[PDB]
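The chains referred to below are lettered A, B, ... by the order of the sequence lines, with proteins before strands, and numbering in each begins at 1. Keep in mind that the numbers below use all heavy atoms, side chains included, and drop hydrogens, waters and symmetry copies.
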Amino acid sequence: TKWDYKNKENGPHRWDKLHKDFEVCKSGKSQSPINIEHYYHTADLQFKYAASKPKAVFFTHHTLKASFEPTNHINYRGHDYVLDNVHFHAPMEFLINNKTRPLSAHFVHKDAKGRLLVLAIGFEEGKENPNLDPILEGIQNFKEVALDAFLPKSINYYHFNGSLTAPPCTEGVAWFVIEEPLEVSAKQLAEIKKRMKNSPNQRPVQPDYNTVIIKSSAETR
Amino acid sequence: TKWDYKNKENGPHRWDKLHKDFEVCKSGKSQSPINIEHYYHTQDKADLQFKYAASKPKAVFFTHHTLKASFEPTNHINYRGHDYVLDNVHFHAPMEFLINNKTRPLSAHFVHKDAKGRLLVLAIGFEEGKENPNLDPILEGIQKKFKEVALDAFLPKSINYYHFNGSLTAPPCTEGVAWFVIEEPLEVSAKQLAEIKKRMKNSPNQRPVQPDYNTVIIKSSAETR
Ligand SMILES: CC(=O)/N=c1\sc(S(N)(=O)=O)nn1C
Ligand SMILES: CC(=O)/N=c1\sc(S(N)(=O)=O)nn1C
Ligand SMILES: [Cl-]
Ligand SMILES: [Cl-]
Ligand SMILES: [Zn+2]
Ligand SMILES: [Zn+2]
């Protein structure tokens, strides 16, 4: 109950100091997030999403989280990665070619061997997107969340190996950062940021050791 | 208390236990070597230009289960406007990385460091066959206390290689290593093969394949000279 985003002691630059489990926050060579600037052009990525009702929806450790039953899958290279939860970071943590959007959502998965697959996608200030509403009315039954409709059908993405953007900053993370921004309204932006206590929950860009990145594309649905 | 590839306490399964400097040997998520089966095909935007010449080793000696030739900082690799000087060339038998589950009887690692200590290792396998003329200058320098190494002739002109980030394959298992594994195997004679294993004291110095956390690998090819 110690680490936060405050620019003083419990801030990110000192996370390794708060606890030894966070030592990799400093010592690891694949820490996330980063600015995606150098990559290689070149699917094998299957979504198994459905509109799903959350096991629970809650704000925890400074983000808004919807936890889920092991019913929604992503298959990657012939291995099934179960979605655990989707949570939000504001502003966006990852950067693409020096570009920033004010919000992202992370879709967290784990396979048979316990390996992590996380998805980062942006929101763009503009028209109100309906997908947000089933979770924002879930403080208490829980209404179904439209997962198979959340992401674009056609996606361009960046894939690389990184770490968690939050303590313990565990590595072995397969990142897929989606290029296409989703849309978010200005009223929704401020409203949900208030559940982010209008206090940023975004880890700074980590040092980049020539991460190998592929740019590819896929169809989600 | 020193690390080995032997069956008991100082083996690879236990390197982490030998020294705390070696903790990442087990706990790291980007540990080498691995079995290369999944990769991405790509184009040649690859900024990898060799700056190699024939060079006489500062020394050729046995250290840590391998045969090593260290060099004057005269031989280089350039990668995206980032130049890596060759530190040494050393050997593994059998080859430590696997290319589609295929095993080579031997490999060579071209170990580089930039100014700030960033690591680039270059790996190529060897296949039993014709007398390799480049090898014996090394086999002719180890009992002395050194002849030019035809580095300018050592690697193939046209290479297919795999690129990714991994670790050193021996303790301290340092991560953040830019690996370039070249697909085309070089050629070695049966006695060149036999003899050097004895200079590597006939005790295999091959770290087992490590857990792979979906390492992102690209396949491309290039011209060295
Ligand atoms: C359960 C879960 O998803 N935990 C997470 S996710 C995460 S992140 N924001 O994807 O890098 N950091 N932590 C602690
Ligand atoms: C000086 C030097 O090259 N040391 C090395 S190289 C190496 S390797 N087998 O290339 O990953 N492991 N260690 C300890
Ligand atoms: Cl992000
Ligand atoms: Cl190897
Ligand atoms: Zn997240
Ligand atoms: Zn080696």
Side-chain angles (χ1 to χ4, degrees), chain B residues 3-6 11-12 32-37 50 52 55 57 59-71 75 77 86-112 120-143 146-147 149-164 166-171 177 179-210 224:
Chain B
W3 60 271
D4 60 44
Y5 301 75
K6 304 283 177 64
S32 305
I34 49 167
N35 173 35
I36 299 173
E37 22 186 5
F50 287 71
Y52 281 176
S55 286
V60 182
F61 61 115
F62 166 90
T63 178
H64 289 292
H65 314 285
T66 194
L67 174 51
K68 163 177 164 162
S70 60
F71 292 87
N75 304 160
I77 284 190
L86 176 73
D87 177 74
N88 74 88
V89 175
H90 59 271
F91 296 107
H92 298 261
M95 175 177 191
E96 281 186 313
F97 277 104
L98 294 187
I99 306 175
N100 289 290
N101 275 347
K102 313 293 165 202
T103 309
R104 303 301 181 185
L106 178 76
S107 70
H109 292 165
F110 286 62
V111 180
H112 308 71
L120 192 158
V121 187
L122 196 165
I124 183 159
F126 283 84
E127 192 190 25
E128 190 179 9
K130 62 193 179 290
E131 182 67 10
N132 195 321
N134 300 290
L135 298 188
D136 295 353
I138 287 174
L139 281 86
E140 291 170 10
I142 179 64
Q143 284 86 3
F146 297 100
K147 193 191 204 172
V149 189
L151 290 174
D152 48 15
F154 208 104
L155 298 173
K157 27 241 165 171
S158 294
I159 57 173
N160 292 277
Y161 60 87
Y162 304 91
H163 175 40
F164 55 107
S167 75
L168 298 175
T169 59
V177 175
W179 280 101
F180 293 91
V181 183
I182 300 176
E183 198 173 41
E184 286 84 15
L186 286 186
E187 224 104 352
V188 58
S189 79
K191 230 181 165 173
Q192 275 173 325
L193 188 56
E195 185 173 354
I196 64 101
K197 280 187 200 169
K198 190 57 196 170
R199 291 308 179 260
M200 296 197 293
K201 321 301 181 201
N202 282 143
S203 68
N205 58 333
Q206 171 211 352
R207 183 182 190 193
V209 146
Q210 295 304 119
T224 65

Do [X] and [Y] have side-chain heavy atoms sitting under 4.5 Å apart?
X: B:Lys102; Y: B:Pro185; answer: no
X: B:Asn75; Y: B:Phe154; answer: no
X: B:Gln206; Y: B:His92; answer: no
X: B:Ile124; Y: B:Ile159; answer: no
X: B:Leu98; Y: B:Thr103; answer: yes
X: B:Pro156; Y: B:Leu186; answer: yes
X: B:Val60; Y: B:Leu67; answer: yes

From [X] [atom1] over to [Y] [atom2], what is the distance, rounded to the nearest 0.5 angstrom?
X: B:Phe62; Y: B:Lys68; atom1: CZ; atom2: NZ; result: 12.5 Å
X: B:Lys198; Y: B:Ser203; atom1: NZ; atom2: OG; result: 8.0 Å
X: B:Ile99; Y: B:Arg104; atom1: CD1; atom2: CZ; result: 6.0 Å
X: B:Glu127; Y: B:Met95; atom1: CD; atom2: CE; result: 11.5 Å
X: B:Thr66; Y: B:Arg199; atom1: OG1; atom2: CZ; result: 14.0 Å
X: B:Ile182; Y: B:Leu122; atom1: CD1; atom2: CG; result: 4.5 Å

Just to verify, what does B:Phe180 make a ring pair (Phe, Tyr, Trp, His ring centres under 6.0 Å) with, not counting sequence neighbours? B:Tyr79, B:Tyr161, B:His163

Quick one: list whatever passes ring pair (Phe, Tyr, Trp, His ring centres under 6.0 Å) with B:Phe71, sequence neighbours left out.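 For B:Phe71 there are no ring pair (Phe, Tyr, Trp, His ring centres under 6.0 Å) partners, ignoring immediate neighbours.
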
Who are the side-chain hydrogen bond (donor to acceptor under 3.5 Å, both in side chains) partners of [X], not counting sequence neighbours?
X: B:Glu128; answer: none
X: B:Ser158; answer: B:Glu223
X: B:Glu195; answer: none
X: B:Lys201; answer: none

Donor-acceptor under 3.5 Å ([X] side chain, [Y] main chain):
X: B:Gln192; Y: B:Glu131; result: no
X: B:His112; Y: B:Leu120; result: yes
X: B:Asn205; Y: B:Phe91; result: yes

State, to 0.1 Å, how close [X] and [Y] come at their nearest heavy-atom pair, and which atoms those are.
X: B:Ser70; Y: B:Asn88; value: CA-CB, 3.8 Å
X: B:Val177; Y: B:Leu168; value: CG2-N, 3.6 Å
X: B:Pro105; Y: B:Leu193; value: CB-CD2, 4.0 Å
X: B:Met200; Y: B:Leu106; value: CE-CD1, 4.1 Å
X: B:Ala93; Y: B:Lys197; value: CB-CG, 4.4 Å
X: B:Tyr5; Y: B:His65; value: CE1-CD2, 3.5 Å

Which of parallel (below 30°), tilted (30 to 60°) and perpendicular (above 60°) describes [X] and [Y]?
X: B:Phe164; Y: B:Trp179; answer: parallel
X: B:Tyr52; Y: B:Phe110; answer: parallel
X: B:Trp3; Y: B:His64; answer: parallel

Quickly, which of B:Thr169, B:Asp87, B:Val181, B:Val111 forms a side-chain contact (heavy atoms from CB on, under 4.5 Å) with B:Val121? Name it, please.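 Only one option passes, and that is B:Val111.
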
Modelled atom types, side-chain donor and acceptor of B:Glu183 and B:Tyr162, under 3.5 Å: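 Judged by distance alone, the side chains do pair up.
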
For B:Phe97 and B:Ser32, what are the C-alpha separation, side-chain angles and deciding distance, and is it a side-chain contact (heavy atoms from CB on, under 4.5 Å)? CA-CA 8 Å; B:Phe97 277 104; B:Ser32 305; 3.4 Å; yes

Verify side-chain contact (heavy atoms from CB on, under 4.5 Å) between B:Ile196 and B:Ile138, making sure each step is shown before the conclusion. CA-CA 10 Å; B:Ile196 64 101; B:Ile138 287 174; over 6 Å; no

Quick one, B:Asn160 with B:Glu184, criterion side-chain hydrogen bond (donor to acceptor under 3.5 Å, both in side chains). Give me CA distance, side-chain angles, the key distance, then yes/no. CA-CA 7 Å; B:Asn160 292 277; B:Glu184 286 84 15; 2.3 Å; yes

